[PDB]
Amino acid sequence: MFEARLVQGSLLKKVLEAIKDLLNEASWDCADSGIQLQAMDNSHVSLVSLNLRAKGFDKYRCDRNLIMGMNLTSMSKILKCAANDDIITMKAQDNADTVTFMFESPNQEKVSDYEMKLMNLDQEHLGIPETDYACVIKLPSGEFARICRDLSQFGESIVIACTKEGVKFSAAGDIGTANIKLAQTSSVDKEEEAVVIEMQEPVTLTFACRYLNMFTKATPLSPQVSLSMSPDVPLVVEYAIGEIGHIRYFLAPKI
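What counts, and at which threshold
- Residues numbered from 1 in each chain as written, not as in the entry; some residues may be left out.
- Heavy atoms only, no water.
- Residues with missing side-chain atoms left out of burial classes, pairs and counts.
- Helix = DSSP H or I, 4+ residues; strand = E, 2+ residues; numbered from the N terminus.
- Contact = heavy atoms within 4.5 Å.
- Patch = residues over 30% accessible without salt bridge, like charges linked within 9 Å, V, L, I, M, F, W, Y side chains within 5 Å.
- Areas by Shrake-Rupley, 256 points an atom, 1.4 Å probe, with all protein chains shown as cover.
- Salt bridge = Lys/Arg side-chain N within 4 Å of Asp/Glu carboxyl O.
- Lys, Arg positive; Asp, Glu negative; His and termini not counted.
- Charge placed at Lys NZ, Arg CZ, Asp CG, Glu CD.
- Axes fitted to C-alpha atoms, helices over the stretch in contact; angles between N-to-C directions.
- Left-handed = near helix turned anticlockwise from the far one by under 90°.
- Buried < 20%, exposed > 50% of the residue type's maximum accessible area, 1.4 Å probe, protein only.
- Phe/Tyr/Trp six-rings, centres within 6.5 Å; stacked < 30°, edge-to-face > 60°.
- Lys NZ or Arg CZ within 6 Å of the ring centre and 35° of its normal.
- Pairing = 2+ DSSP bridges.

Per the PDB record, the structure was determined using X-ray crystallography to 3.000 Å resolution.

Have a look at this one:
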């Protein structure tokens, strides 16, 4: 069968939040190193890619191989029934028509068990045409978040411009023009505090806003986030899921 058992249930839930509003139905691929999730959002613009590795679960086990076709909203109700010390455990038979999550408690003895129904899908693994991007920004995830939320009240679009020393976010509305600017981190300190740019040649791109705002759902997962940018190639917002893997959001520029 399949029995992936994470010590810190919270994690999975967080991940649900990071997707939930983007994708309304996903197939979790299970194999010997772990689960992997590939989907193109409701409106087919952004792309989610999720990895979760065997070594990170307290107990991993995929004998055979599973495309689990879980609907995400339903799954979100279920996780939402967990607590934050709750031991999740997805479980499934080989061609299981159902996946079971089963929550235990560390300092209690209630034992939840929710079985949800699995769906069939086609799975369109468009690759991540791997490039070495022109500019890698690392920055505080909650900073990036505060930024994205703020600048949405002006434009529908965000201009992200990096140079060797700083990154700049900019928005123009029928209301006002707005410019937020981060300089780079003197003395490479705590990542909650650290802006660090590896800068080959300057990049300046426009992105849509609702999408940044949804990618920033993933903010709790890591206190850091990392925008990799090159011209004409999509943009990668990458949150580390903290030692178990990570989630990448892919978005195309405009203009």
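Moving on, there is more to tell.
Digging into the overall build of the protein chain
Helix and strand counts for the protein chain stand at four helices and 17 strands. Counting only C-alpha atoms and orienting by the principal axes, one finds that the protein chain spans roughly 55 × 40 × 35 Å. In the protein chain, 64% of the contacts between residues at least 6 apart in sequence involve partners at least 24 apart.

Some words on a negative patch on the surface
Negative charge collects at one region of the surface, where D189, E191, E192, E193 and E243 lie side by side. With respect to the helices, strands and loops of the structure, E243 is situated in the loop between strand 16 (235-240) and strand 17 (245-251).

Observations concerning the packing of helix 1 (residues 10-19) against helix 2 (residues 72-80)
Viewed as axis vectors pointing N to C, helix 1 and helix 2 meet at an angle of 145°, and their least axial separation amounts to 10 Å. Where helix 1 crosses over helix 2, the handedness of that crossing is left-handed. Where helix 1 abuts helix 2, its residues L12, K13, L16, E17 and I19 lie against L72, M75, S76, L79 and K80.

Section: helix 1
Taken across its ten residues, helix 1 has eight buried, putting it largely inside the fold. Check the buried side of helix 1 and you find it contacts strand 2 (28-31), helix 2, strand 6 (90-92), helix 4 (209-215) and strand 17.

Observations concerning the packing of aromatic side chains
One pair of aromatic rings is described through two measures. These are the centre distance and the angle between the planes. Scanning all chains against the criterion turns up five aromatic pairs. Residues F2 and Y60 carry aromatic rings whose centres are separated by 5.8 Å and whose planes lie at 80° to one another, so their mutual orientation is edge-to-face. One end of the pair, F2, is in strand 1 (residues 2-4); the other, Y60, is in the loop between strand 4 (47-53) and strand 5 (66-68), with 58 residues separating them in the sequence. Aromatic ring contacts, followed pair by pair, group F2, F57 and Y60 into a single cluster. The ring centre of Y211 lies 4.7 Å from the NZ or CZ of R210, which sits over that ring.

Here we look at the pattern of salt bridges
Summed over the entire model, instances satisfying the criterion amount to nine salt bridges. When the shortest N-O distance is used, the salt bridge between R5 and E104 registers 3.9 Å. Of this pair, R5 sits in the loop between strand 1 and helix 1 while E104 sits in the loop between strand 7 (98-101) and strand 8 (114-117), and the two are 99 residues apart along the sequence. Judged by relative accessible area, which is 27%, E104 ranks as partly exposed. Measuring nitrogen to oxygen at the nearest pair gives 3.0 Å for the salt bridge that ties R149 to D150. Residue classification places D150 among the partly exposed positions, given a relative accessible area of 25%. Through salt bridges that share partners, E3, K59, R61 and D63 make up one connected network.

Some points on the sheet that holds strand 9 (residues 135-140)
If you trace the nine strands from one edge of the open sheet to the other, you get 5-2-3-4-17-16-15-9-13, paired in antiparallel fashion. Every other strand in the sheet has two partners, leaving strand 5 and strand 13 (196-199) as the edge strands with one partner each. When the angles between neighbouring strand axes are averaged without regard to direction, this sheet yields 15°.

Side note on unusual backbone geometry
Most peptide bonds take the trans form, and the phi angle of most residues other than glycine is negative. A positive phi angle, close to 55°, is found at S187, a residue other than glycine. Its location among the elements puts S187 in the loop between strand 12 (177-183) and strand 13. Its identity is not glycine, yet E243 carries a phi of approximately 80°, on the positive side. Note on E243: relative accessible area 72%, which makes it exposed.

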